[PDB]
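Report on the structure given below.
Coordinate-derived values only; no laboratory data. Every residue, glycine among them, receives a Cβ derived from its backbone with ideal geometry; neighbour counts consider all protein chains shown.
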Amino acid sequence: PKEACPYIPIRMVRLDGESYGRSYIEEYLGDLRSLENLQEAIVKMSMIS
Amino acid sequence: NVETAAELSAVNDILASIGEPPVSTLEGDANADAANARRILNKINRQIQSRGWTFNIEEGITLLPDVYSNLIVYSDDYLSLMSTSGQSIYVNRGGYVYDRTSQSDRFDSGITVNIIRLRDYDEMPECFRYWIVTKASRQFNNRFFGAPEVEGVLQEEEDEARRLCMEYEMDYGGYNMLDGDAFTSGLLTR
């Protein structure tokens, strides 16, 4: 039946006219990766010491 | 030796600081100025390949002893030889390389050496050609034509030539601190 479908597809953040979902981490990915780089160096720059 | 097409230009540019061009230098008992400058040229060559540069240092080379004599031969061509890792154990004795820890001379198998081989005035980069010409010009200035101002300008210009040639060496074979050496390669393995 239409309402009691046992296969439940779950999206986190919906978008119009788009069959899937986009994660919540995607929206803050870039400042995530800019942390990554900026942090990476530091560890590398430590090892030179 | 033999005439070389670029070496005559080198001996000519030694005498460019003082006087006139000679021709072809191919006689032992000859123009004393040309043979004298040629000796200064080969001395500054043998000294300028002594300092160690990263195209001259042939890294993992293997020398082999003679099959009859069982005695590997040090040469005057072998400019300065050291071992691969650390605490080098090879030294010249008689004209033959010699262990100073194994206390022995006769070698069964080969030997692995970082060696410097003496090259010509050719087979060198143009940076180093200009630096041997300018330093040998400074020596030729200081020992025969003792004028002070040309000594001052050749000292300044030797310093500029060595500046360029250190730039050539730190641009030949990029040495990065943290991804190319032996200690802090393993510290940055994740």
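Using the Kirkwood formula on the Cα atoms of the stretch B:90-190, what hydrodynamic radius do you get, in angstrom to one decimal?
Computed over Cα pairs of the stretch B:90-190, the Kirkwood hydrodynamic radius comes out at 18.3 Å.
Name all residues of the stretch B:23-64 having a backbone nitrogen under 16 Å from the label point set 7 Å from the Cα of B:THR84 along its Cα→Cβ direction, giving them as ranges.
B:58-64
Given the -39500 (n - 2.57) contribution per DSSP H run of 4+ residues, what per-residue ellipticity at 222 nm results for chain B, rounded to the nearest 500 deg cm²/dmol?
It lands at -12000 deg cm²/dmol.
Let me check I've understood the local charge: for A:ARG11, count other residues with C-beta under 15 angstrom from its C-beta, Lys and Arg +1, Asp and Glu -1. What total comes out?
On the way: positive: A:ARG14, A:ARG22; negative: A:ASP16, A:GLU18, A:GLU26, A:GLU27.
Taking every Cβ under 15 Å from that of A:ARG11, the sum is -2.
Taking amide H positions as placed 1.01 Å from N in the peptide plane, with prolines and chain starts having none, which residues 5 or more places from A:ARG22, or on another chain, fall under 5 Å of its amide H?
A:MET12, A:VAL13
What are the ³J(HN,Hα) couplings of the stretch A:23-36, residue after residue, when phi is run through the Karplus curve with 6.51, -1.76, 1.60 and θ = phi - 60°? Round to Hz, x for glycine and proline.
So the J values, rounded to whole Hz, are 5, 6, 6, 4, 5, 10, 5, x, 5, 6, 6, 5, 5, 3.
Report P(r) for chain A: all Cα-Cα distances, bin width 5 Å, range 0 to the bin holding the largest distance, values in whole percent.
5, 15, 13, 12, 13, 9, 8, 7, 7, 5, 3, 2, 1, 0
Where the centre of each part is set by its Cα atoms, how far does the stretch B:144-190 sit from the stretch B:90-108, in angstrom?
Between the Cα centres of the stretch B:144-190 and the stretch B:90-108 lies a distance of 34 Å.
Going by how many other beta carbons lie within 10 Å of each one, how would you line up A:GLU3, A:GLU27, fewest first?
So the ranking, lowest neighbour count to highest, is A:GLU3, A:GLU27.
Indicate the gyration tensor shape class of the protein assembly as shown (rounded, prolate or oblate), computed on the Cα atoms with a ≥ b ≥ c the square roots of the eigenvalues: a/c under 1.5 is rounded; otherwise a/b larger than b/c is prolate and the rest oblate.
Note, shape of the protein assembly as shown comes out prolate.
Considering only the other residues whose Cβ falls under 12 Å of the Cβ of B:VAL91, what net charge follows from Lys and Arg at +1 and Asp and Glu at -1?
Neighbourhood net charge equals 0.
Quick one: which residues, 5 or more positions from B:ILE111 or on another chain, have an amide H under 5 Å from its amide H? H modelled 1.01 Å from N in the peptide plane, none for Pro or chain starts.
Those lying under 5 Å, H to H, from B:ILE111 are B:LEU63.
Just to confirm a number: summing +1 for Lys and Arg and -1 for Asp and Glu over residues other than B:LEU71 whose beta-carbon lies under 15 angstrom from that of B:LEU71, what do you get?
Values: positive: B:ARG93, B:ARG106; negative: B:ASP66, B:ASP99, B:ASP105, B:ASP108.
Once all neighbours under 15 Å are counted, the net charge is -2.
Just to be sure I follow: if Rg is taken over the C-alpha atoms of chain B and Rh is the Kirkwood radius over the same atoms, what is Rg/Rh?
So for chain B, dividing Rg by the Kirkwood Rh gives 1.06.
Take B:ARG190 and A:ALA41, extend 7 Å from each Cα along the Cα→Cβ direction, and tell me the distance between the two endpoints in nm.
It works out to 1.6 nm between the two label points.
Put one equal scatterer on each alpha carbon of the stretch B:3-108, apply the Debye formula with no solvent term, and list log10 I(q)/I(0) at q = 0.11, 0.20, 0.23 1/Å to two decimals.
Log10 of I(q)/I(0), two decimals: -0.56, -1.01, -1.21.
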